[PDB]
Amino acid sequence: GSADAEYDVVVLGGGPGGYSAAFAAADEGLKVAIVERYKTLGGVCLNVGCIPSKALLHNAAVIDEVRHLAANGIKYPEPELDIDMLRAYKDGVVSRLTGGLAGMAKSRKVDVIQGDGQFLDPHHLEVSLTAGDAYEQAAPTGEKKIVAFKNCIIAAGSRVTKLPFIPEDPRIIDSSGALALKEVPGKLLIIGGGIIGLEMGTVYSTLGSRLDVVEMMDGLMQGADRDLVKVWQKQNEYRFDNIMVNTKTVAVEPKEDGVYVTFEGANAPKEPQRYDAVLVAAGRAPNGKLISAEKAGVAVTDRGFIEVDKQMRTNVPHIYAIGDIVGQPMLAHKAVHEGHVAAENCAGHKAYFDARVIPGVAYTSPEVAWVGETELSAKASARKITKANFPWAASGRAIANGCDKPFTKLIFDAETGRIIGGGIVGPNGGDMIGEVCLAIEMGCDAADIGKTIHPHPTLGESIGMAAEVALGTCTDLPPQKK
């Protein structure tokens, strides 16, 4: 008597992983509980990630297109920018959503327990109750609850990677800060050339900041095909002053007149630079090491992930781990899927994460979308492939929409001739790789996709046209292999 509660399944984390696992299990007739330390469910993705970043990226995109339409004799002056209202519009999509999740848990009879959860023993969670209402600003009530579970689905995600040498200062922000829209910096450093920051960068440049980007690697959007990035970098090169790649951020020293940062590398200003703000978008760390997993017997990598098996099971058989905590690619769509397989095992169904392909998407302008085998992956595995690329320059619709600089690329298994990869640079790229994604899942071949009558004039049909080019049958492009 005090604070103890018993459940079938207890999902630690109410992120995309967790509330999907939770509602699934729930859906199975299981008595489940979500232990979330903030009061809103949806995790990072709904609250300080996927959704506000993309709502923002969509406003920015429309203001860049009005810049273009002038030339079609459609004329507008610069727009009046209200960030109080911009800000609140984002907060609005988000709360609308968070409000619904909540409602959905109620309806599913799932219990949300607001509190940081820590493992007591293999069948007990110690929950240090928490109070607050704003995602990321929750405080421990001092009160504590003991929750017991048949099963436990660990879904505690990851968190912004902090660089050791970067000092604290209201002007050095991570993406939750950037998503704050406290103000458009006149000049913004972006540490890390990955999707998140380039996505952050794009909204700020279009709202007015001039950006600099530092990437320790050889390029931007590491992990996508450079041919695709090439197209993206060509079209946004004008948003940056300096695209400092293969460069080290060495000094970061805040001054009364802005944050002064020194870089080490090549094509790197030897003169320390000044910015009115610096966005640290250096990566994300999984939180396995912060839940006292060792008390449940759960094994955690030194890097912080919980390796798990195709069933989402950890070394502890009644304990499953899903989402970013489990491994790369850290993406909400990945997490919802692992989320359903672990909930099903919990309900005693035997489920394997069996999907062979997971989509990556920079929702920049243009969007860079890819799946399955990539030329580099292939080149790494020295897998032997057949890529079929269809230029949008040939597409009536892209020409009409003024995006003929992009293209659709389909890659095939040179032995089987089966599709195993897909890349799309261009508006809606992410709305279109889902067909190269079912394609790969159905083990389709170029004749499969190509004889599919895609509608015209559209961007969508370049998947088909890329297929005919594979078949050497495209009559919208110069003849192939005469």
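Throughout, we count residues from 1 along the sequence that is shown.
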Mean CA B-factor: is it higher for 425 to 433 or for 441 to 449? 441 to 449
For 342 to 350 versus 70 to 78, entry-based mean Cα B-factors point to 342 to 350
When the CA B-factors of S53, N47, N59, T416 are compared as recorded in the entry, which is the largest? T416
With respect to the C-alpha temperature factors reported in the PDB entry, which of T130, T314, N267, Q328 ranks highest? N267
Entry-reported Cα temperature factor of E36, expressed as the chain third it lands in: lowest
Among the modelled residues of this chain, does the Cα B factor of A398 put it in the lowest, middle or highest third? lowest
Chain-relative CA temperature factor third for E199: middle
Within this chain's modelled residues, let me know which third the CA B factor of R87 belongs to: lowest, middle or highest. lowest
By the recorded C-alpha temperature factor, relative to the other modelled residues in its chain, which third is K310 in? middle
